[PDB]
Trainee: 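The structure that follows is given in the form of C-alpha cells.
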Number of protein chains: 4
Amino acid sequence: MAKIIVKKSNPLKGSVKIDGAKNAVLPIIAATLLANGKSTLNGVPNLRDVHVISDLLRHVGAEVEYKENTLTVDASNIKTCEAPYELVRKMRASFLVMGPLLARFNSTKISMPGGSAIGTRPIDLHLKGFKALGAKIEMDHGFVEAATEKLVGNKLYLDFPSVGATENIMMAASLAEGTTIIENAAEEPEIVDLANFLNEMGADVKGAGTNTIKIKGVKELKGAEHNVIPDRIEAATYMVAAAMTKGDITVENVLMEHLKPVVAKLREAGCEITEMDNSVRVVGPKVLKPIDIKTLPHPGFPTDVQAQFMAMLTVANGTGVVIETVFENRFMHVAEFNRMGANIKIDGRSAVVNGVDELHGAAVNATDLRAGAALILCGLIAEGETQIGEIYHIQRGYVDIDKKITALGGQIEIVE
Amino acid sequence: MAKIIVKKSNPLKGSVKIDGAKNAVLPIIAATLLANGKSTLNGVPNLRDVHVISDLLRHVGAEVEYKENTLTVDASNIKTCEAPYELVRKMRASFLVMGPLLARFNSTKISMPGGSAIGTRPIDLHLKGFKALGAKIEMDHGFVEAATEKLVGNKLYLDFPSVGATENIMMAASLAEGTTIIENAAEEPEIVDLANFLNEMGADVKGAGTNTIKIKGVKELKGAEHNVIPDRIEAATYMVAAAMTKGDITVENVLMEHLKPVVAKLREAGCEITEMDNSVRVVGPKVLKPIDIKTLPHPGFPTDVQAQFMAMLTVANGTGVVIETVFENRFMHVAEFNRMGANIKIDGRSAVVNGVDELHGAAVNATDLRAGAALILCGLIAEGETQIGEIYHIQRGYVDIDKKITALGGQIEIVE
Amino acid sequence: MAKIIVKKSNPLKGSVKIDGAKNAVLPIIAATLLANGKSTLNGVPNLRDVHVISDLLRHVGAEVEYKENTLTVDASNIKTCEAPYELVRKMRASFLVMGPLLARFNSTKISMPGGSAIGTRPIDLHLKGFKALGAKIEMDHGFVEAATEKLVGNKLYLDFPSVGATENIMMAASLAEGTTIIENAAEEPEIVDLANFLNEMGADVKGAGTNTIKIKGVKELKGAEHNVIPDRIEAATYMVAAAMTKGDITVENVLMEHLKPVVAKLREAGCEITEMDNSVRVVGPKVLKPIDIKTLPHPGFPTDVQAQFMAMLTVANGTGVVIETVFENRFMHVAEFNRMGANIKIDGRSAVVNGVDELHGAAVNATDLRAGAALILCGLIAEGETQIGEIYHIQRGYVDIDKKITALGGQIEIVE
Amino acid sequence: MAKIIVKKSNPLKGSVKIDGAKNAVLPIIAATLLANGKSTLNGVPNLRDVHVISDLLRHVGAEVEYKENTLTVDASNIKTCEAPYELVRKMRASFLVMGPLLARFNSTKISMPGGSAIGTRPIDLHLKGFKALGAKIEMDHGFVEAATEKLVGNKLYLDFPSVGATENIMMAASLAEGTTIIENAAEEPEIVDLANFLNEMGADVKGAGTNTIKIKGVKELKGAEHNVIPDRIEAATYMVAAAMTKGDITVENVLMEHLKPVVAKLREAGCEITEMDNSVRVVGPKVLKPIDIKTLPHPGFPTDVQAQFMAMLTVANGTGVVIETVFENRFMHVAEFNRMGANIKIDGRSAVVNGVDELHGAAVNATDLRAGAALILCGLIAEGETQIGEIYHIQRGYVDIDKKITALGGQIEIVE
Ligand SMILES: CC(=O)N[C@H]1[C@@H](OP(=O)(O)OP(=O)(O)OC[C@H]2O[C@@H](n3ccc(=O)[nH]c3=O)[C@H](O)[C@@H]2O)O[C@H](CO)[C@@H](O)[C@@H]1O
Ligand SMILES: CC(=O)N[C@H]1[C@@H](OP(=O)(O)OP(=O)(O)OC[C@H]2O[C@@H](n3ccc(=O)[nH]c3=O)[C@H](O)[C@@H]2O)O[C@H](CO)[C@@H](O)[C@@H]1O
Ligand SMILES: CC(=O)N[C@H]1[C@@H](OP(=O)(O)OP(=O)(O)OC[C@H]2O[C@@H](n3ccc(=O)[nH]c3=O)[C@H](O)[C@@H]2O)O[C@H](CO)[C@@H](O)[C@@H]1O
Ligand SMILES: CC(=O)N[C@H]1[C@@H](OP(=O)(O)OP(=O)(O)OC[C@H]2O[C@@H](n3ccc(=O)[nH]c3=O)[C@H](O)[C@@H]2O)O[C@H](CO)[C@@H](O)[C@@H]1O
C-alpha cells in the first residue's frame, strides 16, 4: 500500500503558504449547527477530516457544500441529533457536534470516542459542563445521551483546560438561558477563533483566550461568514523543517501571536527568526543547540509539535529532555526514530534524547498525524532514503506536504 | 518539644477574619528593594517568614520597621547585594531578592536554594530570564552570581508558568532599558498584587494575571503605600474546615475571584457556598461526595490546598483521586493521614483516597506548612485526640490558627 | 471486515484443554537453528505467530514441517543469517533468531523492531549481552548487525530481567567458548522450558528459573525432541472467565507452579480454586472482591493477564488499582472498557477501577492480543451484545477461543 | 550543630575492612525474640540503629548485652508485646518485632510507621501475611494490633517482593502450625542471613534467596550463635569512592555474590575490579563512562546505592539516567548535588545526570543515610571544601566513615 519516500535533501529554502487550521475549522464547522440559516467558512483546508465532519453534518440533515477552500452550511432544517459509531470512530472531533445539537434540540445521542493513537482520552469534562447547564446524561450501549427541558447558564470549573470541553460547552452555552462562566478555560487560539465565529452569528462570548469565558445565552443565532485562522501546527512543522535542514524558509499567511513558544524554543536551539505581520522567516543554525521541552496548555509548548521537536533534537549537539504533560502515550514514534539511528530513552512522561551525528534512512511507519510529519523531517536529513508507511495519518491533517516540501527544494514523493 | 493538641470538635460555626497573603507579601517585600525611598506595606501578616525576609533586607542595608500589620522599608541606601547561605536555607523565598538587587546594582550573589520538604525545586527559569535580560550567570561554591553592564528588555519564554520566576523576572525587568515580554507567565493572584505594587512605585507592567506580561523599564522607582491582598490559601483552609466538620463558617476579608477552583470543588463535594463582596459563607454537607482534584497553575486547583482537600477526601463517601502535577514529592503527609486510619495509596503523582467511616486520633508530625494545617483539620474530626509535632511548619505560615479555630468552636491548644 | 460477536452468556461451566505456550514455543523454535540436525517439537499451538517464525526459519534455509501440533526443523544446512524488515515487522519475536544465528555463523543482520501496540520496547539488553560475548554491533538502515571471530563466555548483568534478552543471550552463549553468567536473569517459566530444550540438544545451562543462569558453551548441538509447556496465559484467561461469569471451569493440561500469582489474586477476589497435578478448578464468587494488582517480573503478577484482570475489576464490589510496571503504554484497552460502561481513570502507570453494577454491550476494537481476549470476557457479562473488531490481534495468540468458550456454554461467534 | 567537613582529596588507596550488615542484623535481632533461651550474634556493627532495636527488646523484657561487636539476647522471659510510638518513630525497622511477638504470644500491638525521608512506605504486605496465617488485625489510635488463637501456615503472595514483609512473615511462620509458603519473596542476601539464623535456632526454612520460601513451623526455638553477613551497602559505598576518586581500594571482609550488580555497573563505568574470596579490589578509571541505572529488587541494582552512583555520574563523560523503581521520593539529595555544581534534572522516577567537569565544595545537608554518604563522596572530589550538615543521618548507619576514609588517604573530619 501507499508510501511516502523521502531522500536526504538540500537545505529547504523559499516560501511556503500555510493552510487554514484543521483544529479551528473542525469546531467552527460543528458551530454552524447552532444557526437557523446559512454560514460561509473561508480558508477551509482541503483535508479528509474536514470532509468527515461535513458528512456528519449531512447525516443530521444540514446542507453542506465545499469548493475551493469555502464551505457553506445551511443548518436551517436539521432533522436528527444522533452521531453514529462509524463517524466518531473515523474522527473523534465528531464529538464536537454534541454541544450544538444539545443546544438546538434539547437532546442529542453521540457515540463515545474509543481508543486513540496518542492516549486514553476521556470526555468526562464535556459531560460535566453539559450537566452543569441542566442536561441529564446517560449511557446506552456505547452512546452518551444528553437531554434537558432547557439549558440554563451556570458557573462550571474545568479540572483541566481541555480544548474540546471548552469548545463543546461554549457552543452549548451560546443558546442557554442566562450566563455561563467557564473557569480554567483552554486559552488556545482555536478557542478565540470559535468565539469570534459564535459572536459573528449573534452570540455573546467574552474572555476567549483568557482563563475565564463568560457566555450570555441568546434565543437564536444566524448564519455568518467567517475567515478561519491559519494552521499554527502546520506553520510550526515547516519552521522545524528549516531548523533541521539548516534551511531558510519564509512561512506565509501565519499569526506570530499563535506561534510564541515554537519561535522561542527554535531561537533557543540557535535559529535566526524574523517575525513579520503575516509571515515568519526561519534560518536554521549550523549546529543545533540541545533544548528541553515540556508540553503544556497554550501558551505553553504545544503537544502537537512535540514529535517534530523531538525529531530535531535527535541530531542536536548534546542531551535534550522532552516531557509530555498533556497526553499519556504520545511517544509511540520513538521506536521509529530509533530505527533511523536516534538515541532516545523513555521513562514515564519523559524522553531523553542524546544527539547523534546523523540519522540513517530506514523503513518506518507513521503512528499518528504529527509523528508522521516528524518522520518526513527525519527523512529530509537522514543519510540515504526513508520509506514511510501508514501515510493516511499524515494525509488526513496536512495539505499537500509533498508539493510544499518539493517547492522548498526537498526530495519527497507519495507512491501508491 | 512543642505540640498542637486537637480533639474531636463541634461543627465549626461563626466568622473568621483572613490575614494578608504570605505569598503576596514576600515578593512585594523583595520589590521594596527596587525603590530609592520609603515604601509602606499594609495588611502584612505577623509570620516568621515575613520576619526572615525582613532580616534579609536588613542584611543588604535597607531600613525595616514592622508594627501592627504595617511594614515600612527604606531602600534608599542599600549597601550590599549578597544573600548568605543561612537566610536562603531558612526560607527559600529569600531567592526573590535576586531580581531587585540585580536591577538596582547590576550585580548580585545569592545562595542557591537546596532541598525542600515538598520537592526538588530548581531555579533554572529565574536564571533563564536574567540571562535573557543580558546578565551573565556563574556559580561559586553554592552561590549563583548574576552581573551585567546593564539590563536590556527582551522577550523570554517560561517553560513552566513558575510563580517565583515570573516575580523575579518582572522585578528585574522593571528597571531594565526597554521592553521585556514574559511569555507563559504565572497567572496567580500574587503576580497581579506584585505588578500593582510595581506600578504604584512608578513601573510600567501590563498583562499581569494573563499569560503574557509586558514590562517597559523605567530609570527609577519611588517608595509607595500598598495594601496586600488577603491570603487565599488561609481562606481555603477555613473553607475546607467548614466542609469537613459539617460546619457553617463565614470567611471575612477575602476576594472570591482568587478562590474560584476551591469554591467549585467544595460545591462539587456538596458544600453550600454563598459568595459575597468581601466574604464567603461555607456550609458543609451532611455527606461529603467524593471528588477528584488535579493540581495545576492558577486558575487550576492550587497545590497549596492539595493536602487539605486530601484530608477532606479521607472521609468522603467513596473514592477520590488526587493528582499532583505542580510538585514532585508533595505526598509526604500521606503516611501521617494513614496513621489516623485513612485509606490512601499512592503511585507516581496520584493518590487514591478510599473514604473511611471516621479518622481516629493519633500522634502525627507536620511535614510542611500546608500538610500540617491538613493534620489540624483531620484532628478536628478524628475520634479522641490528635497530637501534632514539628509545629514550626504550621506556625511559620498561619496566623494564630489555634485562636481562629477556638473562636469557631473547635478544641485546639498549642503546648510548649 | 471480521468481527467477534459475544452475547451476555450463561455462567461458564465444564472443562477446557489448554494449548502449548505461544511464548515458550517461539524462542524454542528459534533455538532449533543452533543444531546441525533435526529437532521435533510437540505440543506446538496452531497459531499464526508460530507459522510466521516458521517462515523466518525457511527464509534462512532451515527445513520446517508442521502437522497436528508437531513441528520439525532441520537446521543442518542454514544458508543465510539475515531477518528482513517484513518478518520482524509482522512479529517482533522474530528478533529471537539473532542469538542462534550469531552463535552458528559468527555474523547476523536482523531488522530492528519498531513500534509495538503495548509500548516502546528497545532491544538494547540483547545487544549488551551479544557485545559482552565479543560481538561487534553496528546499525545499517534499520538493521542491527552483530559479528565476531568467536563468541567467548563472559559475565553480564541485565539492567532489567528481560525475558527476550535472557532467551537471546542464553542461545548465543550455548555455543560460545567458555562460561557465560547471566545476572538478574528473567525467571519466567518459558526461560526454564528453553533451557531444558537447549540441554536436550547437548547444551550446559544451569540456574534457569533462578536469578542467575550459567551457560558452559559446547562446540556443537544436535536436534532433539521436546514437549513444550502449556500456555499459562491462555490458562489464566479461562480462569478469569470463570471468576467473571460466576462459573465453574476445570482448566486441563496446566502446571500450577506457573500460575501462582493468578491463583493467589483470584482467591483474594473470592474464587474457590482447587489445584491438581495437571488441572485447576475455578469457581467464581457471587460477589467479586476488589483487589489491587501490580505487574512485575515472574513470579510477580504477569503483565500478559493485566487487561483481563482489569476487565474482572470493572464489576468488582469497590475500587481496585492496577499498576503496570513492565510496559509503558499497556492501557490502550481502557477507552474500549469505558465504551462498555466501565469507570476507569488512568494517570501514569496506574489505573483506578471503580466497580460498576454491570457492563453494557458495545462495538469495541481489540488493541492487542491480551486486551482483545479481555473484551471477549467483558462481552460474556455485558448486557446485550458486544461486537469486537480488529480480531487478528486475538486470533494470532489464542487457539479457537470461539470453540473453547462455546464448549463452556458461552455465546460467541466469529463472523467474516 | 555537628558537621562533616570534607576537602578535595587524594585518590583513595589502601584497604578498608567492612562492618557487619545493618540490614541483616536488625531483622536477626528481632528474630532472637522467637527463642526461649540465649542467642549470641557476632559481627554486630556498632551503630545507633542497633542500639535502638536493642532498647526495644529491653522494653518488651528481653535481656540484652552488647560488647565488642557481640550482642547477646535472652528472650526466655519476655513480658509485654507492645512497641510504643517513640521507638518506631526513631527507627522504622522496629516494626520487625511484630512477627516474632505475634508468633511467641499470639498477640502484639505495634505503632504504625509514619513518614520516612525516602517515601511513603506502607506495611500493608506485612499485615496481609499475618492475616493469611490467621491473625485478626485492627487499628487503635496509630497502633496496629494482630491477634490469633493460633498461627496456622498458609500460602500467601506478596504483591511486591518486600524485604521487610518477607522477614516479618518468615519469623511469624517459624512457630506457626503447619507449612507457610511465601510466593514472590524478597531474594535479598539479608533474607538468606535471617533464614540461616532461624534454622540455627531449630526452624525449618527453605528457599531463602529464591522467589519462593517454605517455612514448616516448629513448636519451640532455642537461642543460637550466629555470624552476621558483611554490609554489602557499606562495601558498595567504598567501591564507588574508589571509582569517583580514581583510587585503588581493597574492600575486605565482603561476599562478592552479594555485590554482583554494583561490580557489573562499576566495570561498565570503566573500573578494573578484581574479585577475591573475602575481598574485592577496585581501581577507578581515568575517565568515568556514563552508565544508566535502574533500581530493582535484588539481584537488580540496589536502591541503597542509587544516591552514591548518582554522585559518581555527576562527573561522568556524558549523560546517565537514574531510574528509581523501588522508592517513590528517593531524589531529595538532587538539590544538594546541584548546590555542588551538578547538572541533574528529574521528572517522575527518573533523573537525567549530565556530567560536568568537576564539582565545587558547598554547604549541603544530608537528607537520609545513603544520600549523606553520597555527599561525602562528592566532597572528596569537589574543588575546595564541603560542609555537610544533619550528619546523624550518616552516623546512624556507617561505622566510623571519617576514620575509614582517613585511613584511605582522604581529608574528612567530624566537628561538634
Ligand atoms: C480537534 C482538535 O482540536 N484536536 C486537538 C485538541 O484535542 P482535544 O480537544 O481532544 O484535547 P484536550 O485539550 O481535550 O485534551 C488534553 C488532555 O485533557 C484530557 N481530557 C480532555 C477532555 C476531557 O473531557 N477529559 C480529559 O481528561 C485528555 O485526555 C488529554 O490528556 O487539543 C489537543 C491538545 O492541544 C491537540 O493535540 C488535538 O489535536
Ligand atoms: C513564596 C511563594 O509564593 N511560594 C509559593 C510559590 O512557590 P514557587 O514560586 O517556588 O513555585 P513555582 O511556581 O516556581 O514552582 C512550580 C514548579 O515549577 C518548577 N520550577 C520553578 C522554578 C524554576 O526555575 N524551575 C522549575 O522547574 C518547580 O520545581 C515546581 O515543580 O508557588 C507555589 C506553587 O503555587 C506554592 O506552592 C508556593 O508556596
Ligand atoms: C514472545 C514473548 O515471549 N513475548 C513476551 C515477552 O516479551 P519480551 O521478551 O519483549 O519482554 P521483556 O521482558 O523483554 O520486556 C520487559 C520490559 O523490558 C524492556 N526491555 C526489554 C528488552 C531490552 O533489551 N530492553 C528493554 O528495556 C521492555 O521495553 C519492557 O518494558 O515477555 C513479556 C513480559 O512478560 C510478555 O508481555 C510478552 O508477550
Ligand atoms: C531495615 C532494612 O533492611 N531496610 C531496608 C529495607 O527496607 P524495607 O524492608 O522497608 O523495604 P521494602 O522492600 O519493604 O520496600 C520496597 C517497596 O515496597 C513497598 N512496600 C513495602 C512493604 C509493604 O508492606 N508495602 C509496600 O508497598 C515500599 O513502600 C517500597 O516502595 O529494604 C530497602 C529496599 O532495598 C532498603 O532501602 C532499606 O534500607
Side-chain angles (χ1 to χ4, degrees), chain C residues 25-41 52-65 71-84 87-88 93-112 123 126-138 140 143-154 156 164-180 182 191 193-205 213 215-226:
Chain C
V25 77
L26 294 175
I28 283 171
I29 292 166
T32 64
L33 288 173
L34 286 163
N36 193 282
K38 196 225 257 174
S39 291
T40 303
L41 309 185
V52 174
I53 202 171
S54 289
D55 266 330
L56 175 55
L57 263 59
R58 288 200 187 90
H59 177 80
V60 304
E63 176 159 84
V64 182
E65 303 185 21
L71 185 86
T72 62
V73 176
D74 194 333
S76 281
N77 295 105
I78 295 166
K79 279 129 214 141
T80 175
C81 292
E82 192 151 336
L87 282 159
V88 183
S94 293
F95 199 77
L96 298 171
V97 305
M98 185 165 197
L101 285 181
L102 173 62
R104 277 287 288 277
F105 304 105
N106 285 327
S107 199
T108 177
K109 192 159 163 172
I110 303 294
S111 188
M112 226 194 47
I123 48 66
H126 296 236
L127 301 189
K128 185 191 197 191
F130 299 148
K131 286 179 293 180
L133 297 177
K136 307 317 298 282
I137 302 299
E138 46 178 293
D140 178 48
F143 290 83
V144 55
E145 189 156 26
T148 189
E149 285 108 319
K150 86 126 80 77
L151 292 176
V152 172
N154 195 7
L156 64 108
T166 300
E167 292 162 342
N168 237 168
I169 293 164
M170 183 198 313
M171 294 187 276
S174 67
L175 287 178
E177 188 88 77
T179 296
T180 293
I182 310 177
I191 301 305
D193 207 25
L194 172 62
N196 288 340
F197 178 54
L198 290 191
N199 287 339
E200 284 155 347
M201 288 192 287
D204 189 349
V205 181
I213 301 177
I215 308 95
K216 186 168 174 189
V218 297
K219 281 185 163 278
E220 125 166 51
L221 291 165
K222 303 198 296 101
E225 183 162 23
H226 186 77

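So you know, we letter chains A, B, ... as the sequences are listed, proteins then strands, and number each from 1.
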Trainee: Between C/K128 and C/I169, does the side chain to side chain contact (heavy atoms under 4.5 Å, CB included) criterion hold? Intermediate values first, please.
Mentor: CA-CA 9 Å; C/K128 185 191 197 191; C/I169 293 164; over 6 Å; no
Trainee: Can you name the nearest heavy-atom pair linking C/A173 to C/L133, along with the distance?
Mentor: N-CD1, 4.1 Å
Trainee: Side chains of C/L33 and C/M171: closer than 4.5 Å at any heavy-atom pair?
Mentor: no
Trainee: Would the distance check show the side chain of C/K222 and the main-chain N or O of C/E220 forming a donor-acceptor pair, the cut-off being under 3.5 Å?
Mentor: no
Trainee: Sequence neighbours left out, what passes salt bridge (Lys or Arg N to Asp or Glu O under 4.0 Å) with C/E177? Give chain and number order.
Mentor: C/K150
Trainee: Could you go through the side chain to side chain contact (heavy atoms under 4.5 Å, CB included) check for C/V97 and C/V60 one step at a time?
Mentor: CA-CA 10 Å; C/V97 305; C/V60 304; 5.8 Å; no
Trainee: How many angstroms lie between atom CG of C/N36 and atom CE of C/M201, to the nearest 0.5 angstrom?
Mentor: 12.0 Å
Trainee: To the nearest 0.5 Å, how far apart are OG1 in C/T80 and CG in C/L101?
Mentor: 8.5 Å
Trainee: With side chain to side chain contact (heavy atoms under 4.5 Å, CB included) as the test, would you mind laying out the steps for C/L175 and C/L34 before giving the verdict?
Mentor: CA-CA 8 Å; C/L175 287 178; C/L34 286 163; 3.9 Å; yes
Trainee: May I ask you to decide if C/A132's main-chain N or O and C/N154's side chain share a donor-acceptor pair within less than 3.5 Å?
Mentor: yes
Trainee: Return the CD1 to CG distance between C/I123 and C/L96, rounded to the nearest 0.5 Å.
Mentor: 11.5 Å
Trainee: Mind listing the closest non-hydrogen atom pair of C/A83 and C/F143 along with its distance?
Mentor: O-CE2, 3.5 Å
Trainee: Count the heavy atoms of every other residue, nucleotide or ligand shown that sit under 6.0 Å from NZ of C/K38, and state whether that count exceeds 12.
Mentor: no
Trainee: What closest approach, in Å, do C/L71 and C/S54 show between heavy atoms, and which atom pair accounts for it?
Mentor: CD1-OG, 3.7 Å
Trainee: Please find the pair of heavy atoms, one from C/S174 and one from C/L221, that lie closest to each other, and give the distance.
Mentor: OG-CD1, 3.7 Å
Trainee: Not counting sequence neighbours, list each pair that qualifies as a side chain to side chain donor-acceptor pair (under 3.5 Å) and has a residue in residues 96-111 of chain C.
Mentor: A/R339-C/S111, C/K109-C/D140
Trainee: Rounded to the nearest 0.5 Å, how far apart are OG1 of C/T166 and CD1 of C/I191?
Mentor: 5.0 Å
Trainee: Within the 4.5 Å heavy-atom criterion, are C/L156 and C/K131 side-chain neighbours or not?
Mentor: no
Trainee: Taking side chain as C-beta onward, heavy atoms only, is C/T148 less than 4.5 Å from C/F130?
Mentor: no
Trainee: To the nearest 0.5 Å, what is the distance between CG on C/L198 and CE on C/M170?
Mentor: 6.0 Å
Trainee: C/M98 and C/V144: side chain to side chain contact (heavy atoms under 4.5 Å, CB included), yes or no, with the steps?
Mentor: CA-CA 9 Å; C/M98 185 165 197; C/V144 55; 4.0 Å; yes
Trainee: With C/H226, which of C/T40, C/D193, C/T32 fulfils side chain to side chain donor-acceptor pair (under 3.5 Å)?
Mentor: C/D193
Trainee: Quick check: closest heavy atoms across C/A75 and C/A35, and the distance to 0.1 Å?
Mentor: CB-O, 3.3 Å
Trainee: Over all heavy atoms of both residues, which pair between C/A103 and C/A172 is shortest? Give the atoms and the distance, please.
Mentor: CB-O, 3.7 Å
Trainee: Would you give the length of the straight line joining atom OG1 of C/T180 to atom CG of C/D204, rounded to the nearest 0.5 angstrom?
Mentor: 11.0 Å
Trainee: Considering only heavy atoms from C-beta outward, does the side chain of C/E167 approach that of C/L26 to under 4.5 Å?
Mentor: no
